[PDB]
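In what follows, a structure is listed as structure tokens, so that the remarks can point back to it.
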Amino acid sequence: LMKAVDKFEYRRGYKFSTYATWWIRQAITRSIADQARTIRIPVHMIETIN
DNA sequence: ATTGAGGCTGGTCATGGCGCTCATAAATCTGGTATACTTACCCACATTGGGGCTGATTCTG
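Residue numbers (UniProt numbering): 412 to 461.
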């Protein structure tokens, strides 16, 4: 959310929630793919497994 | 107890598969950005310590 706030633009006329949701979900998924296993697995291989 | 030959001590010449080193390259590993709108989870005992009384000696109106 802080990262999304750092790059939000209000001139487009869209609400902040639509822009912030993408960043929040991307950060959450990246964290899950990074630090949720005892043995680290790369993001591309995690995506292939999914 | 000598001088005439064999077996065995010195080095020749490369030789040959092995190992360390250079370089190429596609597969693997990292960082990055997405714009209709989504807003508060889900058993039974014994002992010591803390907090609320319970008088019981000091002082009071």
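Heads up, the beta-carbon is just placed ideally off N, CA and C, and yes, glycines get one too.
| Item | Value |
| --- | --- |
| Taking C-alpha atoms, which residue in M413, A447, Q446 and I439 lies nearest to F427? | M413 |
| Return yes when the Cβ of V454 is within less than 8 Å of the Cβ of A447, no when it is not. | no |
| Shortest alpha-carbon distance to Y430 belongs to which of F419, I439, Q437 and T440? | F419 |
| Once DSSP output is grouped into helix, strand and coil, what is the label at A447? | coil |
| What first and last residue would you give for the alpha helix (DSSP H) that runs through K414? | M413 to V416 |
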